[PDB]
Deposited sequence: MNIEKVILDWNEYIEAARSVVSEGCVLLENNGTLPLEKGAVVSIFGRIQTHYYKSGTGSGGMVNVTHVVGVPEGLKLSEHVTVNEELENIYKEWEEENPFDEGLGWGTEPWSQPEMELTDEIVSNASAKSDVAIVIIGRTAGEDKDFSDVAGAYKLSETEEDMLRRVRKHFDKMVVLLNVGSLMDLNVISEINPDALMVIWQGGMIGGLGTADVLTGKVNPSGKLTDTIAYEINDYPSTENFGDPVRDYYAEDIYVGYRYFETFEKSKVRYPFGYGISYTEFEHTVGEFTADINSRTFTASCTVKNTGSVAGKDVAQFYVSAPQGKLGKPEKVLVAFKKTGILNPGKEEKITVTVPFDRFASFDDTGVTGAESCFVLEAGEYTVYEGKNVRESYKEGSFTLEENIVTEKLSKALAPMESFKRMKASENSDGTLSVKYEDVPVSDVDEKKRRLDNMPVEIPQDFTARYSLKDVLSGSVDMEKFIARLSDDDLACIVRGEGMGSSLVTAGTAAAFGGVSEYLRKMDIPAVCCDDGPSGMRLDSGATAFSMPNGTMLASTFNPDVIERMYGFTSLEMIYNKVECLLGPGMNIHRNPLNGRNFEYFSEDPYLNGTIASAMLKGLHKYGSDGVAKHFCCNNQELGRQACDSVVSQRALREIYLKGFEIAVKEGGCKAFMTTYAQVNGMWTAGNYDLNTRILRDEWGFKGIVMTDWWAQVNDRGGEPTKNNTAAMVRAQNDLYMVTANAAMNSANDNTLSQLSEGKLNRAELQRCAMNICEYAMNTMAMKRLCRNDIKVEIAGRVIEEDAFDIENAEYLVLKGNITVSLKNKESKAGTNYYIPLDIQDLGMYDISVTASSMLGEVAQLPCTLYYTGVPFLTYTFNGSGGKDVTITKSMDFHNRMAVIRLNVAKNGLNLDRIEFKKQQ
């Protein structure tokens, strides 16, 4: 089989994401830009369009990046003031783009009254571009040049505001920055254009010129101040952060307790037209544990466009306490012409708005439950402007799922609690989070897998398992203790077993393993496109937050469908994404390659990406599992967090990726969750992921990540602790066959501290995964051959 990867269709797919992911925040009709307008573009970052964040998910090599000025010229709908372009060009020869550990921003060119006045005299409209990047190992700081405007950027904005009566501000940013000073200066239009990959300027020009009507929505709540965010109190400590806000993350906090601290609510975004959402039929089916809600969205303005219907549930406070509203469903309309409408119907399972009882107060400890009382469903344009769709009342609690006490905090701390005041409004009070009473050593011992007796005369290939000819158990008996100790080691970076410049090879990492037809499976960064450290080019796609802002799983899936083929072309089997850690705080540096403060949106967008990658047999690796919500101190840092917050917020997106997304590969973190490293955490990697969610796949460490037993010293070679957790793969070693990290797999096995059954389980996970990859198909000679056309 031979498949064409059409590069022009790939471009168009990515461009569609850009034009659906831009978020228009304010506009007085200055957008869209009028046909034949002359635009003056301000901001030195105009010449170096941020196509991505920095670090592992920002090192995609490309031949060309289309920035905003070039996008606008290629549109043929406007022209750009060339004199001002040359002023920026000539100044930049003297003040070159700093490539660094790259800085968050570039120094702005100071502007004079003469430049700005002369620009306005020869143009119809000013566009001011403020650029920010961020990423791995540095957190975004609440200072000028990072989250705040620089003094010279502010001066630029004030001068342009004075001399132009039409002003447009664009935020070419990985994550949201302070809007207070920008809002005070009061431009005529404000749009967040994120970082759109290599064709970002094309999709951005589409929305600016009106060829596409913007339809992007915020995936985070924008508060007035950094200190309004509930997590700011407990964010940015390199050693330990207590997740005291608990389930009250983002709009779960603000809509419940602090509506007046919101500038822009979750799900907010506007269009060049206006829409009217009319609530429709509502039914509930308690026996099936679903409800069905309908509404109609009508374009009531004068230009075609899409809108998003967003559905929320208000649960009764009960004994647990609840956020006012939780997102349970959304649907983006087709393009609606003026005066036309679309009926949207959603069926919502009760598990979308259940609560995890981690205290026992409901009578069902360690369960997801719907407490007795009234459930009100809302629909609207955003969480704030969502209106009653229907209600139903439960006279008794319904247990949606029985789970276990898992990943519980090892120390007490106080968490936020919804308290219903005398009047009936909700205030924040605090309560003690109960401590874990789980016997961890016992749990491991009681659920120990059975050893498979070894048999080295067996000549079964991995091909014989794939065809159904033999059981995986029969095959795995062939692996020696050497083979077992070797197969749990990933080799990289730049292993010679796979495409050069990628992150890792795993599976067939010795002559012996490859002789059994276990192929070398290739892993590579990242969510926004293949990072090839050989210098080879690949498609640079929009950042994760831009993807999520589309509220459009279909457009995301379509784009990653092309990535699926591109990966096969490069013989990359595992793309190291989606990044899908919750936006707990706006200052986390890696927010650009994650999706949302909301777990449902997070899991739904992740799943769309995975479905895309699955189209032609490629795959993603969900990361970082879990609670890597802060870059500072991420090697040592301990996230202290309640079971409920884990179950409803931080794990929830990952759960969705497994059950809806078909996720079969996970990456753990550099850090600790509840007092041990995640790579050695049994509750995370076995109890929750496998035994409760039913995940069938592989777990790998983060690259050169530390591992420990609870209480013990962290090291980059405690592979025994890793295998005891069912974290299947240590990424990475320079030479896996030679044990170049000097790991303790065999010595622990020798001492009876690691059981061979545990190694065998990991080996089976690895082989089961490996045999369904395109690398196996290359051995079997039935892989897809890809040819790139259109270039």
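Missing from the model, by position in the deposited sequence, are residues 1-3, 104-107, 799-921.
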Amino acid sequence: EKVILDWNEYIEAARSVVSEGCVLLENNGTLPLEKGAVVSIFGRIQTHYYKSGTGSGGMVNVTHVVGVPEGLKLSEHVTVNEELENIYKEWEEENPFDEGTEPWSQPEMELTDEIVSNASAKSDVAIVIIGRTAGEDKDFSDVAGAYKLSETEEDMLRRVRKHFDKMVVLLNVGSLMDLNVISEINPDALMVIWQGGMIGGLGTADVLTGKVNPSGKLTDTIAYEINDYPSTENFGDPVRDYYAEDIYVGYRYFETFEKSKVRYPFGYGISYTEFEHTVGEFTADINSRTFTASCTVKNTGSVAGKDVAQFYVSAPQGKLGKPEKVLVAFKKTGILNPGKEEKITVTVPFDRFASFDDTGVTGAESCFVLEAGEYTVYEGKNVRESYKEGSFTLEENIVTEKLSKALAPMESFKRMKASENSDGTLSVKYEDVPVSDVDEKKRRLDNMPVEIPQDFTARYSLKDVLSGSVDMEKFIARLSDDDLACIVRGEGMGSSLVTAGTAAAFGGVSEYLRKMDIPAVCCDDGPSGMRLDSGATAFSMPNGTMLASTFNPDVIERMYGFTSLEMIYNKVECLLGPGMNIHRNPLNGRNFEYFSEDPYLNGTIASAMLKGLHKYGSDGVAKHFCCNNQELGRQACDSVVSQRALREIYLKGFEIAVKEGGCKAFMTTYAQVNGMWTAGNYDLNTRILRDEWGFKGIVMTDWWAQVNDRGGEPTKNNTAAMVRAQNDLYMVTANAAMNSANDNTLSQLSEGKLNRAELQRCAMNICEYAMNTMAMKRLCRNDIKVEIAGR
From here on, numbers count along this sequence of modelled residues.
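Averaged over CA atoms, B-factors in the entry run higher in 110-118 than in the other of 693-701 and 110-118. For the pair 448-456 and 315-323, the record assigns the higher mean C-alpha temperature factor to 448-456. By the numbers in the PDB entry, the CA B factor is greatest at 103 among 196, 103, 216, 526. In this entry, the residue among 292, 499, 421, 604 with the greatest C-alpha B factor is 421. Among all modelled residues in this chain, the alpha-carbon of residue 593 has a temperature factor (C-alpha) in the middle third. Sorting the modelled residues of the chain by their CA temperature factor places residue 680 in the middle third. In the deposited entry, the Cα temperature factor of residue 20 sits in the bottom third of values across the chain's modelled residues. Residue 188: CA B factor lies in the middle third for its chain, per the PDB record.
Residue 240: CA B factor lies in the highest third for its chain, per the PDB record.
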